[PDB]
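Colleague: Below is one structure. I have some questions about it.
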Amino acid sequence: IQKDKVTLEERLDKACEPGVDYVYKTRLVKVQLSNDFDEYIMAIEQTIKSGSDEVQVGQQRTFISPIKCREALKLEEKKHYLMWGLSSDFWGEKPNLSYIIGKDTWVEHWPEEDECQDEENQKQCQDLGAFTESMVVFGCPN
Amino acid sequence: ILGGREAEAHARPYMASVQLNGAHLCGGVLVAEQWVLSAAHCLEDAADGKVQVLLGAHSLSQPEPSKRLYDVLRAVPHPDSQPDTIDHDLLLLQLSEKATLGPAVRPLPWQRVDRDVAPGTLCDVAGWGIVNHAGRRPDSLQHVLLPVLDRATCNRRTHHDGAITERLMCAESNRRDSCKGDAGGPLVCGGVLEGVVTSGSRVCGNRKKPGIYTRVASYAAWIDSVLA
Amino acid sequence: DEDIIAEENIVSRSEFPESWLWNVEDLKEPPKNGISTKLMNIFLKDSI
Amino acid sequence: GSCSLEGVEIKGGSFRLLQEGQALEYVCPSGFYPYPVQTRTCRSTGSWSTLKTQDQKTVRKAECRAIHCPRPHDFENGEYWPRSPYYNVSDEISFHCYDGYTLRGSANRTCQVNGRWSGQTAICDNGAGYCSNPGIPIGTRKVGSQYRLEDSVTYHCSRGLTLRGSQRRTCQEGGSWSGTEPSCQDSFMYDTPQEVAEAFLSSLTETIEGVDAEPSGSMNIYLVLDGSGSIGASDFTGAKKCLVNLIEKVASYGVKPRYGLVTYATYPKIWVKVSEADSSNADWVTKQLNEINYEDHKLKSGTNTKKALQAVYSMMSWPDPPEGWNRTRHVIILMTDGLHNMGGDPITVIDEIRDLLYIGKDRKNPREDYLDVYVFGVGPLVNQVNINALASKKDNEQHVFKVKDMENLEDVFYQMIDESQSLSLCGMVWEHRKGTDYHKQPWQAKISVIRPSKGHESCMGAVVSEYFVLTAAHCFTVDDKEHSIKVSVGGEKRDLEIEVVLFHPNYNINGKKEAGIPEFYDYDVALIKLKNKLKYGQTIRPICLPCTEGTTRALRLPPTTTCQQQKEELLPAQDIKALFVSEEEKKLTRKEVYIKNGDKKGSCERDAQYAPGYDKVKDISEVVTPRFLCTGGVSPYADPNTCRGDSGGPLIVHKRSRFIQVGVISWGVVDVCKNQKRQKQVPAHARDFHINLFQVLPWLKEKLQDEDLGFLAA
Ligand SMILES: *[C@@H]1O[C@H](CO)[C@@H](O[C@@H]2O[C@H](CO)[C@@H](O[C@@H]3O[C@H](CO)[C@@H](O)[C@H](O)[C@@H]3O)[C@H](O)[C@H]2NC(C)=O)[C@H](O)[C@H]1NC(C)=O
Ligand SMILES: *[C@@H]1O[C@H](CO)[C@@H](O)[C@H](O)[C@H]1NC(C)=O
Ligand SMILES: *[C@@H]1O[C@H](CO)[C@@H](O)[C@H](O)[C@H]1NC(C)=O
Ligand SMILES: [Mg+2]
């Protein structure tokens with residue numbers, strides 16, 4: 001998608017857009033470079049917004065993204081990320097679905113617990129924390 | 001009563017409410033001080049139940065000083081009444097005692113002269129039967145004036161096709177008609193009871209199928225008999 | 001850029017038949033010199 | 001807070017704040033429309049909703065643009081004039097077909113104010129395929145010229161337009177394309193309340209006339225109302241009131257279906273379940289429809305349609321094989337804006353539902369008639385793409401509706417309640433277990449005539465009403481009295497007493513003896529008025545006749561359908577697939593034939609010269625009047641030939657699970673029938689002629705006037 005402050009209300013509307021299907025808080029378990037399709041194996045920590053893919057916490061889903069964007073993703077294993085994508089970014093027949101990280105996929109680094117005590121992450125962990133409960137309890141407005 | 005009106009409170013003392021198990025079933029009319037005329041087919045679904053008669057009532061729920069629920073002392077369905085046909089569909093109910101006559105309770109004169117009602121005559125018919133096709137049960141008594149269609153036309157093939165005996169009379173049902181729950185209702189053609197509501201089942205309001213009523217005048221013999 | 005027509009307000013050609021005008025005409029007009037004449041107003045295709 | 005009104009205005013028009021300033025609606029002058037969107041929502045960011053187009057594009061300034069009707073960017077087998085980059089309102093365009101091609105549909109069409117073209121789609125067909133040319137709806141593009149069996153076609157809409165209906169249609173056995181006719185929609189076309197109510201009922205009532213076969217209570221209606229915050233209390237309460245009058249409208253038919261009431265938001269809310277003992281109580285369901293409110297889903301104003309359809313799923317499901325499952329019609333009606341943001345694609349549920357009802361999971365038994373899905377667009381912003389993906393796609397039927405003003409539907413439904421109109425029952429045949437003959441052809445009538453030693457005449461006819469039996473006119477003579485004519489129907493052993501036989505005024509079988517023509521089967525039709533009224537049962541039912549209100553619904557056409565339009569439907573300019581009933585060893589069996597009404601008509605007619613007696617006929621057209629339909633032969637297939645005993649029988653056209661009589665078996669060229677078997681060596685010129693009912697309508701309409709068949713004026 002993009003990259004100038006992306007507030008809370010910003011994340012709410014963007015994550016409730018008609019196009020957006022799934023919204024997860026995942027942990028990058030393994031990263032692969034295999035022939036045709038590049039592979040990011042994420043582990044869903046919590047389903048903020050249950051999409052059209054029946055997936056529960058603890059399971060793993062494989063993501064695919066071109067090499068040209070690998071430099072921009074700079075994803076590191078064992079790290080957590082808040083990501084949501086469109087229903088038009090699925091790939092393969094169920095239950096062997098494969099999420100595709102396209103130009104319309106939101107990805108954001110999720111500062112871990114002990115890292116949210118930093119005077120640089122406290123402003124972010126509060127927005128994300130607030131975004132979570134607001135999307136779980138009440139769900140998308142309208 | 002499709003396209004009817006809310007009758008004025010106790011403006012029809014003769015109006016009765018035959019109730020099965022404390023619940024309205026059919027319409028009735030107080031023809032005597034201790035007799036209620038109604039439709040015979042009403043006791044086809046009864047059998048295991050407690051039949052009663054509510055006189056001097058307007059609202060079936062709200063309390064009214066003139067309301068009183070009598071008990072059926074005897075039910076006399078006309079001998080020639082079959083569940084298969086509408087012919088001879090009359091029923092006489094004897095109350096446990098004489099009805100306490102008042103401003104809201106009074107017997108109604110019923111025709112004896114066996115002569116067809118003049119076509120075009122406005123007759124009043126009331127009851128607590130549904131008021132819409134959905135099946136809404138009215139709480140207050142409803143009524144409506146209906147022109148009397150001559151048996152000649154009512155017997156046309158396009159209508160009831162000669163299925164109207166000399167003992168039955170027709171009334172226009174152009175979107176205004178006595179529906180389900182009105183069976184046994186009074187058809188008063190000028191202060192006098194001429195017919196009793198009885199048409200089994202149809203689709204209330206069908207102008208091409210006028211309402212059928214049993215002429216009490218053509219059964220005076222049997223009636224007088226019972227009340228003795 | 002600033003000038004030219006919008007790339008959206010451009011109605012592109014499409015009708016490029018190899019053959020058309022497969023119709024019939026009767027000459028009932030007032031015959032002069034035994035030579036009847038009709039004036040057909042037809043629409044040319046998009047093909048160049 | 002309230003979003004700023006800075007830079008929200010529109011060029012060449014104004015606007016009006018609604019919902020207490022939480023949304024605005026652009027107001028454009030007569031002839032123009034707000035672009036890109038109609039209304040705009042107030043996001044929780046202080047700024048209004050972004051101006052998104054139909055192609056999901058972004059626009060800076062809003063502009064009021066002139067209303068144009070979709071320009072034809074694809075048309076075959078003919079030409080259309082004039083061609084323009086765009087068409088304004090009131091603009092007219094006409095269509096013409098090349099030689100050898102027949103034109104069906106509106107020849108001239110005018111661009112109306114609703115941004116739609118008047119009349120029906122123009123189609124230039126040659127009637128040379130198993131199925132007719134599906135045509136190319138204005139604004140679309142068809143990919144597929146082959147119209148054989150099993151063949152398919154695909155439709156695509158211009159850029160900025162949304163496709164409504166089916167994008168792919170397959171030619172199915174029995175001459176009929178699958179899905180429904182496509183239509184290119186724009187972002188302001190909407191639908192007039194009448195149009196909606198008119199089409200929604202012409203599709204619902206039909207799938208109810210059949211439900212009468214026969215608590216209770218053999219049809220389910222699931223009302224799924226969307227209570228999301230994206231609809232507003234205005235377009236929500238108006239949706240209930242519309243449903244209320246709909247329940248009454250249905251009730252006026254005297255039918256008591258099982259209802260299921262569900263309103264949904266972040267979660268589904270069930271008010272009425274079909275399994276409840278009160279589901280069939282119309283008044284019950286209505287009281288609920290009144291108790292529900294738009295404030296019911298304010299705390300959690302999500303739009304999870306998926307779970308909503310999952311609620312309906314659990315209602316029609318079983319704990320694991322109810323006796324009455326493969327006999328129940330399911331009807332889902334849901335009001336929504338199509339803007340779902342929770343649960344994902346709701347379509348997945350629809351598929352699961354179809355799997356549960358065993359639909360589309362058998363080539364020979366589709367079972368499509370057992371599930372209908374209607375989707376009504378209600379919210380200010382409605383996604384026509386998504387509501388079209390849920391709604392069913394049935395030939396000649398509409399399941400997608402975008403209500404303009406709404407609330408007016410309510411007032412239209414109330415106005416459309418008429419207890420006088422009866423519920424049709426003609427051309428009904430359902431797969432009953434026993435399925436004894438006469439269950440498969442209830443309309444079939446067996447006529448016999450006794451004559452002094454001369455022999456017995458064996459003909460057949462059809463039950464068209466409660467008193468009449470349509471048959472051939474040559475089966476009887478002026479000498480034959482009523483006492484010597486016995487009719488039997490429903491397979492009953494007994495014989496019915498007739499009242500009178502009505503011959504057609506123009507029937508004169510000897511009106512050609514001078515020209516040397518012994519037989520003259522022109523206007524060879526007659527009616528038999530019975531002395532007793534027939535009690536319609538599982539073995540005795542009527543068959544539909546051309547040009548009747550009852551038949552219009554069977555074909556699922558608009559009530560405003562003229563007689564001429566019905567003929568173009570039933571008898572198009574091609575090889576029409578039909579059938580007739582024959583007697584096979586004291587057992588009724590069907591025989592599929594092809595009515596040569598296309599270009600093969602000439603090849604079929606002239607073969608009448610081979611018939612006995614006609615061998616010396618000067619002009620063959622003198623014995624085959626326009627009152628004749630031609631069947632039998634070898635092209636395009638080897639059709640079975642009618643027998644003497646089949647004479648007078650109905651020439652039926654089976655379409656959309658309904659039977660429509662379009663002819664009466666008059667005479668054949670070669671007598672292949674010979675009470676011993678069927679002359680295994682039939683000639684190529686062995687043709688069979690019938691009487692086109694569309695030619696004797698004046699006589700039918702007149703004699704049947706008091707039969708409540710509701711013939712059309714025209
Ligand atoms: C599509 O549009 C054309 C154009 O109207 C239709 O053809 C027209 O048919 C009408 C009826 O015969 C003709 O109307 C004529 O108008 C003149 C005006 O002076 C009048 O003098 C004549 O007495 C007659 O009323 C019209 O001439 C004719 N147009 C032609 C031949 O150019 C056509 O029927 C329409 N297609 C449809 C809707 O089926
Ligand atoms: C149609 O109307 C528009 C707006 O008035 C106008 O600009 C255009 O010229 C018209 N189309 C034609 C016939 O050229
Ligand atoms: C269930 O209904 C279907 C309808 O196609 C019918 O074919 C089938 O025979 C029925 N099942 C049984 C056990 O009869
Ligand atoms: Mg919503």
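Residue numbering restarts at 1 for every chain of the structure tokens, chains are lettered A, B, ... in their displayed order, and ligands are numbered from 1 as they appear.
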Env of stretch 19-25 of chain A: 7 Å cut, atoms = only C-alpha atoms, seq-sep filter 4 positions within chain, self excluded. Answer as a PyMOL selection string.
Modeller: (chain A and resi 15+44-51+80-87) or (chain D and resi 341+344)
Colleague: Can you write out the residues you just picked, keeping N, CA, C and O atoms, as a short mmCIF file (atom, residue, chain, number, x, y, z; two decimals), in the first residue's frame?
Modeller:
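Result file again19.cif:
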```cif
data_model
loop_
_atom_site.label_atom_id
_atom_site.label_comp_id
_atom_site.auth_asym_id
_atom_site.auth_seq_id
_atom_site.Cartn_x
_atom_site.Cartn_y
_atom_site.Cartn_z
N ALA A 15 -8.97 -0.44 7.53
CA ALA A 15 -9.14 -1.86 7.82
C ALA A 15 -10.59 -2.30 7.67
O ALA A 15 -10.90 -3.49 7.73
N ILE A 44 -0.44 -17.05 12.71
CA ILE A 44 -1.49 -16.15 13.19
C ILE A 44 -1.66 -16.19 14.71
O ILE A 44 -2.09 -17.20 15.27
N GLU A 45 -1.32 -15.08 15.36
CA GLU A 45 -1.43 -14.97 16.81
C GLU A 45 -2.86 -14.68 17.25
O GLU A 45 -3.31 -15.20 18.28
N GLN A 46 -3.56 -13.85 16.49
CA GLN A 46 -4.96 -13.57 16.77
C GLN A 46 -5.68 -13.03 15.54
O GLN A 46 -5.16 -12.17 14.82
N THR A 47 -6.88 -13.53 15.30
CA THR A 47 -7.69 -13.09 14.17
C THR A 47 -8.52 -11.86 14.54
O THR A 47 -9.63 -11.99 15.04
N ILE A 48 -7.96 -10.68 14.29
CA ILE A 48 -8.65 -9.43 14.59
C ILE A 48 -9.98 -9.34 13.83
O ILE A 48 -11.01 -9.01 14.42
N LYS A 49 -9.94 -9.63 12.54
CA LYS A 49 -11.15 -9.72 11.73
C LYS A 49 -11.16 -11.01 10.92
O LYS A 49 -10.43 -11.14 9.94
N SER A 50 -11.99 -11.96 11.34
CA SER A 50 -12.11 -13.23 10.63
C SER A 50 -12.53 -13.01 9.18
O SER A 50 -13.59 -12.45 8.90
N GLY A 51 -11.68 -13.44 8.25
CA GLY A 51 -11.96 -13.28 6.83
C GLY A 51 -12.73 -14.44 6.25
O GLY A 51 -13.45 -15.14 6.96
N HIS A 80 6.84 -9.93 14.89
CA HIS A 80 5.40 -9.88 14.70
C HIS A 80 5.00 -8.73 13.79
O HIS A 80 5.64 -7.68 13.79
N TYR A 81 3.93 -8.93 13.02
CA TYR A 81 3.46 -7.91 12.09
C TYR A 81 1.93 -7.86 12.03
O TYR A 81 1.26 -8.89 12.06
N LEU A 82 1.40 -6.64 11.95
CA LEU A 82 -0.03 -6.45 11.74
C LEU A 82 -0.31 -6.27 10.25
O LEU A 82 0.10 -5.27 9.66
N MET A 83 -0.99 -7.24 9.66
CA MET A 83 -1.22 -7.22 8.22
C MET A 83 -2.65 -7.55 7.81
O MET A 83 -3.29 -8.44 8.37
N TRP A 84 -3.16 -6.81 6.83
CA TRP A 84 -4.46 -7.09 6.24
C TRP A 84 -4.41 -6.99 4.72
O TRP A 84 -3.66 -6.18 4.17
N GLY A 85 -5.20 -7.81 4.05
CA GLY A 85 -5.18 -7.85 2.60
C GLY A 85 -6.56 -7.99 1.98
O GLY A 85 -7.56 -8.12 2.69
N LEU A 86 -6.61 -7.97 0.65
CA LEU A 86 -7.87 -8.05 -0.07
C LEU A 86 -8.27 -9.49 -0.34
O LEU A 86 -7.43 -10.39 -0.33
N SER A 87 -9.56 -9.71 -0.59
CA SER A 87 -10.07 -11.05 -0.88
C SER A 87 -9.66 -11.50 -2.28
O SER A 87 -9.86 -12.65 -2.65
N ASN D 341 -18.12 -6.10 5.11
CA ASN D 341 -16.74 -5.86 5.55
C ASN D 341 -16.28 -6.82 6.65
O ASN D 341 -15.22 -6.65 7.23
N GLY D 344 -15.92 -12.01 5.02
CA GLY D 344 -15.41 -12.28 3.69
C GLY D 344 -16.52 -12.44 2.66
O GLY D 344 -17.56 -11.79 2.74
#
```
Colleague: Residues up to 12 Å from ligand 1, counting only C-alpha atoms and all ligand atoms: could you list those as a list in words?
Modeller: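 Sorted by chain and then by number, the residues are residues 80, 81, 92, 93, 94, 95, 96, 103, 104, 105, 106, 107, 108, 109, 110, 118, 119, 120 and 122 of chain D.
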Colleague: At a cut-off of 7 Å, which residues of chain A touch chain D? Count only C-alpha atoms and give the answer as a PyMOL selection string.
Modeller: chain A and resi 9-10+16-18+21+49-52+138-142
Colleague: Name each residue within 12 Å of ligand 2, counting only C-alpha atoms and all ligand atoms, as a list in words.
Modeller: residues 29, 30, 31, 32, 33, 64, 65, 66, 67, 68, 69, 82, 83, 84, 85, 86, 87, 88, 89, 90, 91, 92 and 111 of chain D
Colleague: Please tabulate, as a tab-separated table, the residues of chain C that come within 7 Å of chain D, each with its closest pair of atoms and the distance in Å to one decimal, counting only C-alpha atoms and ordering rows by chain, then residue number upward.
Modeller:
```
residue	atom	partner	partner_atom	distance
C:11	CA	D:85	CA	6.2
C:22	CA	D:98	CA	5.4
C:23	CA	D:98	CA	5.5
```
Colleague: When DSSP works through the backbone of this structure, what residues of stretch 122-271 of chain D end up as alpha helix (DSSP H), shown as number ranges by chain?
Modeller: D: 193-204, 206-209, 232-251
Colleague: Mind writing the picked residues with N, CA, C and O atoms as a short mmCIF file (atom, residue, chain, number, x, y, z; two decimals), in the first residue's frame?
Modeller:
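Contents of the output file out22.cif:
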```
data_model
loop_
_atom_site.label_atom_id
_atom_site.label_comp_id
_atom_site.auth_asym_id
_atom_site.auth_seq_id
_atom_site.Cartn_x
_atom_site.Cartn_y
_atom_site.Cartn_z
N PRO D 193 -40.19 1.63 -8.54
CA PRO D 193 -40.85 0.72 -7.59
C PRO D 193 -41.78 -0.26 -8.28
O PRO D 193 -41.78 -1.45 -7.95
N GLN D 194 -42.57 0.22 -9.24
CA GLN D 194 -43.48 -0.64 -9.98
C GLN D 194 -42.74 -1.75 -10.71
O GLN D 194 -43.07 -2.93 -10.56
N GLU D 195 -41.73 -1.38 -11.49
CA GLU D 195 -40.90 -2.35 -12.21
C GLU D 195 -40.43 -3.47 -11.29
O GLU D 195 -40.52 -4.65 -11.63
N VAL D 196 -39.90 -3.10 -10.13
CA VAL D 196 -39.42 -4.07 -9.16
C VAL D 196 -40.54 -5.00 -8.71
O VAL D 196 -40.46 -6.21 -8.88
N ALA D 197 -41.60 -4.42 -8.14
CA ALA D 197 -42.72 -5.19 -7.63
C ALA D 197 -43.35 -6.05 -8.72
O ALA D 197 -43.80 -7.17 -8.47
N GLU D 198 -43.37 -5.53 -9.94
CA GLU D 198 -43.97 -6.22 -11.07
C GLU D 198 -43.17 -7.46 -11.44
O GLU D 198 -43.73 -8.52 -11.73
N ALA D 199 -41.84 -7.33 -11.43
CA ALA D 199 -40.96 -8.42 -11.82
C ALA D 199 -40.69 -9.39 -10.68
O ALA D 199 -40.53 -10.59 -10.89
N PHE D 200 -40.65 -8.86 -9.46
CA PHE D 200 -40.40 -9.69 -8.29
C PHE D 200 -41.54 -10.67 -8.04
O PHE D 200 -41.32 -11.79 -7.59
N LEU D 201 -42.76 -10.23 -8.35
CA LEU D 201 -43.94 -11.06 -8.13
C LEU D 201 -44.22 -12.00 -9.30
O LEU D 201 -44.68 -13.13 -9.10
N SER D 202 -43.95 -11.54 -10.51
CA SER D 202 -44.13 -12.37 -11.70
C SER D 202 -43.17 -13.56 -11.67
O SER D 202 -43.30 -14.49 -12.46
N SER D 203 -42.21 -13.51 -10.75
CA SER D 203 -41.24 -14.58 -10.59
C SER D 203 -41.52 -15.38 -9.33
O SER D 203 -41.14 -16.55 -9.22
N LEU D 204 -42.18 -14.74 -8.37
CA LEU D 204 -42.49 -15.38 -7.10
C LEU D 204 -43.81 -16.15 -7.17
O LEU D 204 -43.88 -17.31 -6.76
N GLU D 206 -45.33 -17.46 -9.64
CA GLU D 206 -45.18 -18.66 -10.45
C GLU D 206 -44.62 -19.80 -9.61
O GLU D 206 -45.16 -20.91 -9.61
N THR D 207 -43.54 -19.53 -8.89
CA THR D 207 -42.92 -20.54 -8.04
C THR D 207 -43.77 -20.77 -6.78
O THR D 207 -43.28 -21.24 -5.76
N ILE D 208 -45.05 -20.42 -6.88
CA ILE D 208 -46.01 -20.66 -5.81
C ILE D 208 -47.22 -21.42 -6.36
O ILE D 208 -47.77 -22.30 -5.69
N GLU D 209 -47.62 -21.08 -7.58
CA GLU D 209 -48.68 -21.81 -8.26
C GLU D 209 -48.32 -23.29 -8.31
O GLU D 209 -49.19 -24.16 -8.25
N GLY D 232 -28.73 3.23 7.51
CA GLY D 232 -29.49 4.33 8.08
C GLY D 232 -30.90 3.90 8.42
O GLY D 232 -31.47 3.03 7.76
N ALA D 233 -31.47 4.52 9.45
CA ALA D 233 -32.81 4.18 9.90
C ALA D 233 -33.86 4.43 8.82
O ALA D 233 -34.91 3.79 8.81
N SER D 234 -33.57 5.36 7.92
CA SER D 234 -34.52 5.74 6.88
C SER D 234 -34.76 4.61 5.87
O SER D 234 -35.90 4.22 5.62
N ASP D 235 -33.68 4.10 5.30
CA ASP D 235 -33.77 3.04 4.30
C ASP D 235 -33.94 1.66 4.93
O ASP D 235 -34.00 0.65 4.24
N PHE D 236 -34.03 1.63 6.26
CA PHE D 236 -34.20 0.38 6.99
C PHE D 236 -35.67 0.15 7.33
O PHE D 236 -36.23 -0.91 7.04
N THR D 237 -36.29 1.13 7.97
CA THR D 237 -37.70 1.05 8.34
C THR D 237 -38.56 0.91 7.09
O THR D 237 -39.59 0.24 7.10
N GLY D 238 -38.14 1.56 6.01
CA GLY D 238 -38.83 1.46 4.74
C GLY D 238 -38.74 0.06 4.16
O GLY D 238 -39.59 -0.36 3.38
N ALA D 239 -37.70 -0.67 4.56
CA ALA D 239 -37.49 -2.03 4.08
C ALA D 239 -38.40 -3.02 4.81
O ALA D 239 -38.81 -4.03 4.24
N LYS D 240 -38.71 -2.73 6.07
CA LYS D 240 -39.62 -3.57 6.84
C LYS D 240 -41.04 -3.43 6.31
O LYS D 240 -41.70 -4.42 6.01
N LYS D 241 -41.49 -2.18 6.20
CA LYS D 241 -42.84 -1.89 5.73
C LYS D 241 -43.10 -2.55 4.38
O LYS D 241 -44.21 -3.00 4.10
N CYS D 242 -42.06 -2.59 3.54
CA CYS D 242 -42.15 -3.24 2.25
C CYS D 242 -42.37 -4.74 2.41
O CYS D 242 -43.16 -5.35 1.69
N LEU D 243 -41.66 -5.34 3.37
CA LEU D 243 -41.80 -6.76 3.66
C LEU D 243 -43.18 -7.08 4.23
O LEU D 243 -43.77 -8.11 3.90
N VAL D 244 -43.68 -6.20 5.09
CA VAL D 244 -44.99 -6.40 5.71
C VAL D 244 -46.07 -6.58 4.66
O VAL D 244 -46.81 -7.57 4.68
N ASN D 245 -46.17 -5.63 3.73
CA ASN D 245 -47.16 -5.71 2.66
C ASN D 245 -46.92 -6.89 1.73
O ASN D 245 -47.86 -7.39 1.11
N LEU D 246 -45.67 -7.33 1.64
CA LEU D 246 -45.33 -8.49 0.83
C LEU D 246 -45.93 -9.76 1.43
O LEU D 246 -46.44 -10.62 0.72
N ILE D 247 -45.85 -9.87 2.76
CA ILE D 247 -46.43 -11.01 3.46
C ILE D 247 -47.94 -11.05 3.28
O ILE D 247 -48.53 -12.12 3.11
N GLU D 248 -48.57 -9.88 3.30
CA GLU D 248 -50.00 -9.76 3.07
C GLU D 248 -50.34 -10.11 1.63
O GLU D 248 -51.31 -10.82 1.36
N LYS D 249 -49.53 -9.61 0.70
CA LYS D 249 -49.72 -9.89 -0.71
C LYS D 249 -49.69 -11.40 -0.97
O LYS D 249 -50.53 -11.93 -1.69
N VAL D 250 -48.71 -12.07 -0.38
CA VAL D 250 -48.62 -13.52 -0.50
C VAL D 250 -49.84 -14.18 0.13
O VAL D 250 -50.44 -15.09 -0.44
N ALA D 251 -50.21 -13.70 1.31
CA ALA D 251 -51.35 -14.24 2.04
C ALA D 251 -52.65 -14.13 1.24
O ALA D 251 -53.54 -14.97 1.40
#
```
Colleague: Do a neighbour search on stretch 21-24 of chain B at 10 Å with only C-alpha atoms, toss out local chain neighbours closer than 4 positions, and write the hits as number ranges by chain.
Modeller: B: 17, 46, 48-54, 60, 69, 128-129, 137, 181
Colleague: List all protein, DNA and RNA residues that have an atom no more than 7 Å from any atom of ligand 3, counting only C-alpha atoms and all ligand atoms, and report them as a PyMOL selection string.
Modeller: chain D and resi 326-327+365+431+433
Colleague: Restrict the selected residues to N, CA and C atoms and save them as a PDB file, in the first residue's frame.
Modeller:
```pdb
ATOM      1  N   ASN D 326     -36.734 -33.142  -0.509  1.00  0.00           N
ATOM      2  CA  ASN D 326     -36.626 -33.009  -1.960  1.00  0.00           C
ATOM      3  C   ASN D 326     -37.942 -32.577  -2.605  1.00  0.00           C
ATOM      4  N   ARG D 327     -38.798 -31.937  -1.813  1.00  0.00           N
ATOM      5  CA  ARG D 327     -40.089 -31.462  -2.297  1.00  0.00           C
ATOM      6  C   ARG D 327     -40.377 -30.055  -1.780  1.00  0.00           C
ATOM      7  N   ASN D 365     -30.915 -34.034 -13.157  1.00  0.00           N
ATOM      8  CA  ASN D 365     -31.825 -33.402 -12.206  1.00  0.00           C
ATOM      9  C   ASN D 365     -31.193 -32.203 -11.500  1.00  0.00           C
ATOM     10  N   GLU D 431     -42.971 -34.732 -10.452  1.00  0.00           N
ATOM     11  CA  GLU D 431     -42.461 -36.094 -10.358  1.00  0.00           C
ATOM     12  C   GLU D 431     -42.940 -36.802  -9.095  1.00  0.00           C
ATOM     13  N   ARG D 433     -43.972 -40.155  -6.919  1.00  0.00           N
ATOM     14  CA  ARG D 433     -43.342 -41.469  -6.824  1.00  0.00           C
ATOM     15  C   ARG D 433     -43.980 -42.523  -7.731  1.00  0.00           C
TER      16      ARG D 433
END
```
Colleague: Could you tell me which residues of chain B sit within 9 Å of chain D when counting only C-alpha atoms, and give me the result as number ranges by chain?
Modeller: B: 132-137, 157-158, 174-175, 202-209
Colleague: So what do you get for atom CA of residue D:709 versus atom CA of residue D:545, distance-wise?
Modeller: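 Going from atom CA of residue D:709 over to atom CA of residue D:545 covers 8.5 Å.
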Colleague: Report as a PyMOL selection string all protein, DNA and RNA residues lying within 6 Å of residue C:46, evaluated on only C-alpha atoms, omitting residues in the same chain fewer than 4 positions from it.
Modeller: chain C and resi 13+15-16
Colleague: Pick out the residues sitting within 12 Å of residue D:702, and hand them over as a short mmCIF file (atom, residue, chain, number, x, y, z; two decimals) with N, CA and C atoms, in the first residue's frame; count only C-alpha atoms, and ignore anything fewer than 4 positions along from it in its own chain.
Modeller:
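Printed below is selection15.cif as written:
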```cif
data_model
loop_
_atom_site.label_atom_id
_atom_site.label_comp_id
_atom_site.auth_asym_id
_atom_site.auth_seq_id
_atom_site.Cartn_x
_atom_site.Cartn_y
_atom_site.Cartn_z
N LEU D 502 -68.65 -28.16 -30.04
CA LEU D 502 -68.55 -26.89 -30.76
C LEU D 502 -67.50 -26.94 -31.86
N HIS D 504 -65.54 -25.29 -35.22
CA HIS D 504 -65.13 -23.97 -35.67
C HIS D 504 -65.98 -23.55 -36.86
N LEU D 527 -64.40 -27.95 -29.69
CA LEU D 527 -64.45 -28.02 -28.23
C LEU D 527 -65.59 -28.91 -27.75
N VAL D 696 -56.69 -19.52 -34.29
CA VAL D 696 -58.10 -19.70 -33.96
C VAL D 696 -58.44 -19.08 -32.61
N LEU D 697 -57.64 -18.11 -32.19
CA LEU D 697 -57.85 -17.43 -30.92
C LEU D 697 -59.22 -16.78 -30.79
N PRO D 698 -59.65 -16.03 -31.82
CA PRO D 698 -60.97 -15.40 -31.76
C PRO D 698 -62.05 -16.39 -31.35
N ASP D 706 -66.24 -17.55 -20.28
CA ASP D 706 -66.66 -17.79 -18.91
C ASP D 706 -65.90 -18.96 -18.28
N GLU D 707 -64.58 -18.94 -18.43
CA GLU D 707 -63.74 -20.01 -17.90
C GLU D 707 -62.62 -19.48 -17.02
N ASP D 708 -62.57 -18.16 -16.87
CA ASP D 708 -61.54 -17.52 -16.05
C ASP D 708 -60.13 -17.90 -16.51
N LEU D 709 -59.95 -17.99 -17.83
CA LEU D 709 -58.64 -18.27 -18.40
C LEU D 709 -57.92 -16.96 -18.68
N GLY D 710 -58.66 -15.86 -18.63
CA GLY D 710 -58.10 -14.54 -18.81
C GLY D 710 -57.34 -14.37 -20.11
N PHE D 711 -58.04 -14.47 -21.23
CA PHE D 711 -57.42 -14.24 -22.53
C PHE D 711 -57.04 -12.77 -22.68
N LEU D 712 -56.04 -12.51 -23.51
CA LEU D 712 -55.56 -11.15 -23.73
C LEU D 712 -56.27 -10.51 -24.92
N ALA D 713 -56.56 -9.22 -24.80
CA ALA D 713 -57.26 -8.49 -25.85
C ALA D 713 -56.51 -8.54 -27.18
#
```
